[PDB]
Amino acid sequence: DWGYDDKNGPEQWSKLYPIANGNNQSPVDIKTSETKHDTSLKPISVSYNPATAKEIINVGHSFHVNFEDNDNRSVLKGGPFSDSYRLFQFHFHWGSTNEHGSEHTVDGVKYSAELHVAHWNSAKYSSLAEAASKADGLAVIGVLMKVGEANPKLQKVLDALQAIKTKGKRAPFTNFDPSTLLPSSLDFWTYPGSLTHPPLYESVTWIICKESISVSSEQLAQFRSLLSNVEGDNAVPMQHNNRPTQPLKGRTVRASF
(Lines of atoms letter the chains of each structure in order from A and count residues from 1; the text may use other names and numbers.)
(Lines give C-alpha, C1' and ligand atoms only; values in the text may rest on other atoms or scores of the structure.)
Protein backbone atom coordinates (compact mmCIF):
# COMPACT_ATOMS: atom_id res chain seq x y z
CA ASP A 1 0.00 0.00 0.00
CA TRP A 2 2.82 2.47 1.02
CA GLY A 3 6.67 2.41 1.21
CA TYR A 4 9.67 4.52 0.07
CA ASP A 5 9.87 3.66 -3.72
CA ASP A 6 8.82 6.31 -6.34
CA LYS A 7 5.51 4.42 -7.02
CA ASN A 8 4.46 4.15 -3.29
CA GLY A 9 6.79 6.57 -1.39
CA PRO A 10 6.52 9.87 0.55
CA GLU A 11 5.43 12.03 -2.48
CA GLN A 12 2.41 9.64 -3.12
CA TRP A 13 1.35 9.07 0.56
CA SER A 14 -1.32 11.93 0.40
CA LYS A 15 -3.53 9.69 -1.90
CA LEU A 16 -4.31 7.24 1.00
CA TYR A 17 -3.26 9.61 3.90
CA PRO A 18 -4.36 13.21 3.05
CA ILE A 19 -2.80 14.55 6.35
CA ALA A 20 0.53 14.03 4.47
CA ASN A 21 0.05 17.66 3.15
CA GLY A 22 -1.05 18.91 6.64
CA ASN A 23 0.45 21.82 8.67
CA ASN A 24 2.24 19.84 11.50
CA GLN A 25 4.12 17.26 9.34
CA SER A 26 7.51 15.76 10.41
CA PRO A 27 10.44 15.66 10.03
CA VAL A 28 11.66 19.32 9.62
CA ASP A 29 14.92 21.19 9.00
CA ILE A 30 15.97 22.76 12.35
CA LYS A 31 17.33 26.24 11.45
CA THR A 32 19.31 27.02 14.68
CA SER A 33 19.34 30.87 14.06
CA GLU A 34 15.47 30.83 14.34
CA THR A 35 15.03 28.59 17.46
CA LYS A 36 13.52 30.36 20.52
CA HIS A 37 15.41 29.51 23.77
CA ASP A 38 12.51 28.84 26.22
CA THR A 39 13.39 29.22 29.96
CA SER A 40 10.28 27.19 31.11
CA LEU A 41 11.66 23.99 29.35
CA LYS A 42 12.90 21.69 32.21
CA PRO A 43 15.51 18.93 31.63
CA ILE A 44 14.34 15.66 29.95
CA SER A 45 14.10 12.71 32.43
CA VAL A 46 14.05 9.10 31.09
CA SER A 47 13.63 6.22 33.63
CA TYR A 48 13.37 2.98 31.60
CA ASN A 49 13.15 -0.51 33.22
CA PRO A 50 15.08 -3.05 31.05
CA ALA A 51 12.37 -5.63 32.06
CA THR A 52 9.82 -3.73 29.85
CA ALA A 53 11.85 -4.77 26.73
CA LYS A 54 9.69 -7.38 24.93
CA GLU A 55 10.51 -8.06 21.24
CA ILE A 56 12.12 -7.15 17.91
CA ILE A 57 10.01 -7.35 14.69
CA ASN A 58 10.74 -7.01 10.96
CA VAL A 59 7.91 -4.82 9.58
CA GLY A 60 9.17 -4.86 5.96
CA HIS A 61 10.07 -1.12 5.76
CA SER A 62 12.01 -1.15 9.11
CA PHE A 63 12.45 -3.13 12.34
CA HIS A 64 10.84 -2.29 15.68
CA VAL A 65 11.89 -2.97 19.33
CA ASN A 66 8.63 -2.97 21.37
CA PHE A 67 8.14 -2.59 25.14
CA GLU A 68 5.45 -3.76 27.60
CA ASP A 69 3.37 -0.58 28.10
CA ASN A 70 0.85 -2.03 30.67
CA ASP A 71 2.24 0.25 33.51
CA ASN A 72 4.67 3.17 34.32
CA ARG A 73 7.93 1.13 34.79
CA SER A 74 9.42 2.98 31.69
CA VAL A 75 8.51 6.74 31.34
CA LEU A 76 9.72 10.05 29.87
CA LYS A 77 9.07 13.28 31.94
CA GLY A 78 10.24 16.93 31.94
CA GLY A 79 11.03 19.06 28.86
CA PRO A 80 7.78 20.77 27.75
CA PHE A 81 5.61 18.05 29.38
CA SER A 82 3.50 18.20 32.61
CA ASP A 83 2.42 14.57 31.91
CA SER A 84 4.44 11.30 32.20
CA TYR A 85 4.67 9.41 28.81
CA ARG A 86 5.07 5.60 28.58
CA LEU A 87 7.91 4.03 26.48
CA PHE A 88 6.44 1.69 23.81
CA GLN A 89 9.01 1.39 20.93
CA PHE A 90 12.37 2.40 19.42
CA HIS A 91 13.44 2.04 15.80
CA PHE A 92 15.78 3.62 13.20
CA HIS A 93 15.59 5.35 9.84
CA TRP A 94 18.50 5.15 7.36
CA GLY A 95 19.20 6.13 3.72
CA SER A 96 20.53 4.48 0.49
CA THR A 97 24.00 5.99 1.32
CA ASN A 98 25.89 7.44 4.35
CA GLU A 99 25.43 11.07 3.05
CA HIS A 100 21.65 10.98 3.91
CA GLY A 101 19.51 8.70 6.16
CA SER A 102 18.36 11.01 9.00
CA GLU A 103 14.78 12.36 8.82
CA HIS A 104 15.48 15.55 10.81
CA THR A 105 18.18 17.95 9.43
CA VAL A 106 20.06 20.67 11.47
CA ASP A 107 20.99 23.80 9.40
CA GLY A 108 20.31 21.70 6.23
CA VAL A 109 22.94 19.09 7.39
CA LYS A 110 21.77 15.49 6.64
CA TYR A 111 23.06 12.71 9.01
CA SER A 112 23.41 8.97 8.19
CA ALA A 113 20.53 7.60 10.37
CA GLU A 114 18.07 8.61 13.13
CA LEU A 115 16.88 6.87 16.32
CA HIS A 116 13.22 7.36 17.38
CA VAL A 117 12.34 6.50 21.02
CA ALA A 118 8.49 6.67 21.19
CA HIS A 119 6.20 7.25 24.25
CA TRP A 120 2.43 7.71 24.80
CA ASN A 121 0.55 9.95 27.28
CA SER A 122 -0.69 7.51 29.99
CA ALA A 123 -1.55 10.43 32.35
CA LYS A 124 -4.33 11.51 29.90
CA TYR A 125 -5.14 8.31 27.84
CA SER A 126 -5.41 4.63 28.89
CA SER A 127 -3.90 3.16 25.65
CA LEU A 128 -1.50 3.82 22.73
CA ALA A 129 -4.58 3.40 20.43
CA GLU A 130 -6.36 6.24 22.30
CA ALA A 131 -3.21 8.47 22.46
CA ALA A 132 -1.90 7.84 18.90
CA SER A 133 -4.08 10.47 17.11
CA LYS A 134 -4.37 13.08 19.92
CA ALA A 135 -2.33 16.34 19.52
CA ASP A 136 -0.75 15.65 22.98
CA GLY A 137 -0.74 11.82 22.68
CA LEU A 138 2.89 10.97 21.67
CA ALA A 139 6.36 12.06 22.85
CA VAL A 140 9.27 10.98 20.52
CA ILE A 141 13.02 11.48 21.13
CA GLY A 142 14.92 11.82 17.84
CA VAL A 143 18.69 11.23 17.89
CA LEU A 144 20.78 12.12 14.82
CA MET A 145 23.27 9.33 13.96
CA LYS A 146 26.63 10.52 12.51
CA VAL A 147 28.70 8.05 10.40
CA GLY A 148 32.03 7.51 12.21
CA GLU A 149 33.24 5.14 14.99
CA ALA A 150 31.29 1.85 15.45
CA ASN A 151 28.73 2.33 18.27
CA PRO A 152 29.03 -0.61 20.72
CA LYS A 153 25.73 0.48 22.39
CA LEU A 154 24.01 -0.64 19.07
CA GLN A 155 25.51 -4.15 19.54
CA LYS A 156 22.61 -6.04 21.24
CA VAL A 157 20.28 -4.51 18.58
CA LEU A 158 22.48 -5.48 15.53
CA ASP A 159 23.25 -9.00 16.96
CA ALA A 160 19.40 -9.63 17.12
CA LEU A 161 18.84 -8.80 13.38
CA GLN A 162 20.16 -12.24 12.19
CA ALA A 163 17.01 -13.71 13.95
CA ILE A 164 14.60 -11.42 11.95
CA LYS A 165 16.11 -11.17 8.42
CA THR A 166 12.79 -11.40 6.49
CA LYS A 167 9.41 -9.58 6.83
CA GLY A 168 7.18 -10.96 9.64
CA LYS A 169 9.91 -12.59 11.73
CA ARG A 170 10.03 -11.64 15.46
CA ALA A 171 12.16 -12.76 18.41
CA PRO A 172 12.03 -11.97 22.11
CA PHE A 173 14.20 -8.93 23.01
CA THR A 174 14.52 -8.51 26.80
CA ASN A 175 16.59 -6.89 29.57
CA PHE A 176 17.38 -3.77 27.44
CA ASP A 177 17.29 -0.12 28.62
CA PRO A 178 17.15 2.07 25.46
CA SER A 179 18.41 5.14 27.47
CA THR A 180 21.85 3.45 26.91
CA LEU A 181 21.48 4.60 23.21
CA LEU A 182 20.84 8.29 24.14
CA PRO A 183 23.63 10.91 23.81
CA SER A 184 25.55 12.04 27.00
CA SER A 185 23.67 15.41 27.14
CA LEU A 186 19.85 15.64 26.64
CA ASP A 187 19.83 19.31 25.44
CA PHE A 188 17.08 19.32 22.82
CA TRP A 189 14.85 21.09 20.33
CA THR A 190 11.04 20.56 20.57
CA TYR A 191 8.27 21.30 18.05
CA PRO A 192 4.71 19.98 17.46
CA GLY A 193 4.83 17.45 14.56
CA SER A 194 3.68 14.06 13.20
CA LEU A 195 4.54 10.39 12.69
CA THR A 196 7.08 10.41 9.78
CA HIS A 197 5.20 7.57 7.96
CA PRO A 198 1.58 6.30 7.70
CA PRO A 199 -0.59 6.88 9.40
CA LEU A 200 1.18 10.36 9.73
CA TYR A 201 -0.97 11.44 12.76
CA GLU A 202 -0.16 15.04 13.92
CA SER A 203 0.12 13.62 17.53
CA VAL A 204 3.90 13.95 18.18
CA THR A 205 5.76 16.36 20.48
CA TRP A 206 9.35 15.93 19.18
CA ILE A 207 12.46 16.07 21.41
CA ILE A 208 15.41 16.30 18.93
CA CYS A 209 18.74 15.94 20.84
CA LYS A 210 21.41 18.52 19.79
CA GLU A 211 24.15 15.89 20.44
CA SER A 212 24.39 13.07 17.83
CA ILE A 213 25.55 9.46 18.46
CA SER A 214 28.02 7.50 16.30
CA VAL A 215 27.41 4.63 13.85
CA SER A 216 29.99 2.98 11.47
CA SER A 217 29.28 2.54 7.69
CA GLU A 218 29.28 -1.26 8.46
CA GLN A 219 26.57 -0.92 11.21
CA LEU A 220 24.51 1.02 8.59
CA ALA A 221 25.18 -1.85 6.10
CA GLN A 222 23.60 -4.25 8.69
CA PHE A 223 20.34 -2.18 8.65
CA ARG A 224 20.36 -2.20 4.80
CA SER A 225 21.05 -6.02 4.66
CA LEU A 226 17.65 -6.58 6.43
CA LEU A 227 15.15 -7.92 3.83
CA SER A 228 11.67 -6.47 2.99
CA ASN A 229 10.56 -9.75 1.24
CA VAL A 230 9.06 -12.83 3.06
CA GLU A 231 11.21 -15.97 3.66
CA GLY A 232 11.64 -17.93 0.37
CA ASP A 233 11.06 -14.88 -1.93
CA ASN A 234 13.83 -13.03 -3.90
CA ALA A 235 15.80 -10.78 -1.48
CA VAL A 236 14.77 -7.04 -1.51
CA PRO A 237 17.14 -5.38 1.02
CA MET A 238 15.66 -2.41 3.01
CA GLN A 239 17.89 0.27 1.35
CA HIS A 240 16.18 3.37 2.92
CA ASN A 241 13.13 4.56 4.94
CA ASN A 242 13.82 8.29 5.68
CA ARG A 243 11.06 10.83 4.81
CA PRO A 244 12.23 14.18 3.30
CA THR A 245 11.80 17.28 5.57
CA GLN A 246 8.35 19.00 5.41
CA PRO A 247 7.35 22.72 5.57
CA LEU A 248 7.45 24.22 9.16
CA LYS A 249 4.25 26.20 8.13
CA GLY A 250 4.76 28.81 10.89
CA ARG A 251 5.65 26.38 13.73
CA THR A 252 8.28 27.47 16.33
CA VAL A 253 11.21 25.09 17.17
CA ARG A 254 12.17 25.87 20.81
CA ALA A 255 15.68 25.14 22.24
CA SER A 256 16.22 23.93 25.89
CA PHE A 257 19.77 25.42 25.76
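Residues carry their position along the shown sequence, with the first being 1.
*Asks:* Where do the C-alpha atoms have the higher mean temperature factor in this entry, in 85-93 or in 69-77?
*Replies:* Higher of the two, by average CA B-factor, is 69-77.
*Asks:* Out of 40-48 and 192-200, which one has CA B-factors that are higher on average in the deposited record?
*Replies:* Between 192-200 and 40-48, it is 40-48 that shows the higher mean C-alpha B-factor.
*Asks:* At the C-alpha atoms, which of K167, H119, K153, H104 reaches the highest B-factor in this entry?
*Replies:* Answer, based on the entry's C-alpha B-factors: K153.
*Asks:* Using the entry's values, work out which of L181, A123, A113, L158 has the largest Cα B factor.
*Replies:* Each of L181, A123, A113, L158 was compared by C-alpha B-factor; the highest is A123.
*Asks:* Ranking the modelled residues of this chain by C-alpha B-factor as given in the entry, is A235 in the lowest, middle or highest third?
*Replies:* Highest third - that is where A235 ends up once the chain's C-alpha B-factors are sorted.
*Asks:* Classify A20 as lowest, middle or highest third according to the C-alpha B-factor given in the PDB entry, relative to its own chain.
*Replies:* Middle third - that is where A20 ends up once the chain's C-alpha B-factors are sorted.
*Asks:* Sorting by Cα B-factor within the chain, modelled residues only, which third would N229 end up in: lowest, middle or highest?
*Replies:* Ranked within chain, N229 CA B lands in the highest tercile.
*Asks:* Looking at the C-alpha B-factor of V143, is it in the lowest, middle or highest third of its chain?
*Replies:* Tercile = lowest for this residue's CA B-factor.
*Asks:* Sorting by Cα B-factor within the chain, modelled residues only, which third would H64 end up in: lowest, middle or highest?
*Replies:* Lowest third - that is where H64 ends up once the chain's C-alpha B-factors are sorted.
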